[PDB]
């Protein structure tokens, strides 16, 4: 088994597929996990989502690499055998956007915050092909998110990065905090190199208020948790202000 240095371990309910791990979270939602083997450190796990919406599939976040992302597409083909309509990527960092080329080669429409697309070159990423824009209260402008089905995109404010976005899964009790949210037992807020330490706490709380009835909080670097992930993240961030 892959025992990452950072990120959750493999537990019962997990399926190893190639270099990745998949975990079913709901009848129509799965978590993908991929690993970056860092020099002198070991593997760092990162999570995204796969959502079935009738006769199509929707993806949230790439894996760290193009090859790993192609493996996600192979898993979908094997296990679901439905086409991927679109992918939403949650900010311009390698764990979320490192595999854009694999999505594009597959002909999948990609979406990111306009700011993520603007930052992508400096961050060493390939931009998504479509830009999401947001209202003053953080909700996505619906005309920029056409045919998103159950994906409800929310920009909570600057936190882990200035561009980080979040996604609620309508028709479920799941919401995805990406890298903004850390689990309820987290020791740190992770890599703060690109973070907005002033606004982080309010952004974390804004994500909780946007999806007030989501009981299963999915995040990039821990297993799914309760709403205490939101509260605990915000309390850690209160110390940065």
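Think of the rigid core as the biggest set of C-alphas that the two forms share within 1.5 Å after superposition. Residue numbers count along the first chain shown, from 1.
- Stretch comparison, 189 to 197 versus 65 to 73: after rigid core superposition, larger RMS CA deviation in 5 other deposited structures of this protein is found for 189 to 197.
- Root-mean-square C-alpha deviation from the shown form, taken over all structures in 5 other deposited structures of this protein superposed by the rigid core, is larger for 13 to 21 than for the alternative among 13 to 21 and 221 to 229.
- Of the other compared PDB entries of this protein that include residues on both sides, all give residue 29 atoms, none of them, and so not a third, leaving it without.
- In at least one third of the other compared structures of this protein with flanking residues present, residue 40 is left unmodelled.
- Note on 34 to 42 vs 172 to 180: mean CA B-factor is higher in 34 to 42.
- Across the two stretches, 185 to 193 and 200 to 208, the PDB entry reports the greater mean Cα temperature factor for 185 to 193.
- Of the candidates 108, 143, 114, 97, the one whose C-alpha carries the top B factor in the deposited record is 143.
- Per the PDB record, residue ranking by Cα B-factor puts residue 20 in the highest third of the chain.
- Residue 77: CA B factor in the highest third of modelled residues in this chain (values from the PDB entry).
- Sort the modelled residues of the chain by CA B factor and residue 10 lands in the highest third.
- Among all modelled residues in this chain, the alpha-carbon of residue 83 has a temperature factor (C-alpha) in the middle third.
- Placement of the Cα temperature factor of residue 61 within the chain: lowest third of the modelled residues, per the deposited record.
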